[PDB]
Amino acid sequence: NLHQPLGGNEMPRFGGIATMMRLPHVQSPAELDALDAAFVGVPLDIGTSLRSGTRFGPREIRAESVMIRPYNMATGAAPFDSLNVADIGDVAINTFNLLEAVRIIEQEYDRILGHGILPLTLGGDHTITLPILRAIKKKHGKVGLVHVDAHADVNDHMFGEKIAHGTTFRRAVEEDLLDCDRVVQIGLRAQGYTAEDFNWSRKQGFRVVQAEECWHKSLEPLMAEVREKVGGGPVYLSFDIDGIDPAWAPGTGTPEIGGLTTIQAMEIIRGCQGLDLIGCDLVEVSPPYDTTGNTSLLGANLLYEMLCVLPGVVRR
């Protein structure tokens, strides 16, 4: 017995209660022990430097997800034949105190990994990834990283404060959470202050791929290099939506011109097949800055492709 999404011949897709992919809602400790993987949300926006609004991200992603079917026509992957999956709700953060919210997040992820669940996370601003990595290292050790973004996110401070959505990866290196020689950053562009704005990462041991190197091309051959750099151990995956061009994704906090296409984004995720993935996330979707709901529709479709490449999924 494995859980399945609701079909159109059972109930029309414009109706029914709106969970992720119309799946069952599980809460008890006894039933949590029987799951292989699960969807979960974290509604925080008090770490933003420009536009707010990403507190409503998890709700709109769930609402648009009612269109998706179970079997992948292009690759042949069928995850609902192999694994047991469900929707487990949201985390209750403190919206009036930032450092108190960070404490709560680490505590709840300690409980999830205790039951043996691999998480797929709906955000939320980029500050959330720091306390998540604190719990991951306690279970697995030092990890590798594949990071998609329009910004490097390695600032020393923001308005004199140490913890914010632009300092996440500077803190991770200082706390000894990563294996520095197994890291790649893809999509960096736009303006800065000095040449050291990209050169600091290269000196630590990272490989940096700017958007100019991606223009006019397919990224199928590039991912062979990426597998060579990060492989030979456990790996985490983190995706910022502002990496994609605003023609496809207008609903976000800090947009930048001339970026990646949606075809190119599909080539990256499908090319992760063969790695030892231990967790994934999708961040920075902001509903009040897109009227059509198209940005949220894109996020749900990319989360489906992530499930398809987890270890143990059969092809038919």
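We number the residues from 1 along the sequence you see.
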{"query": "259 to 267 or 286 to 294, whichever carries the higher mean Cα B-factor", "finding": "286 to 294"}
{"query": "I244, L98, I128, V148, ranked by C-alpha B-factor: the highest one", "finding": "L98"}
{"query": "Identity of residue with top Cα B-factor, from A34, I61, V42, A249", "finding": "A34"}
{"query": "Chain-wide C-alpha B factor ranking for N199, given as lowest, middle or highest third", "finding": "highest"}
{"query": "CA B-factor placement of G160, once the chain's modelled residues are sorted into thirds", "finding": "highest"}
{"query": "B-factor third for the C-alpha atom of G53 within its chain", "finding": "lowest"}
{"query": "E106 - which third its CA temperature factor falls in, relative to the rest of the chain", "finding": "highest"}
{"query": "For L237, the third of its chain into which the C-alpha B factor falls", "finding": "lowest"}
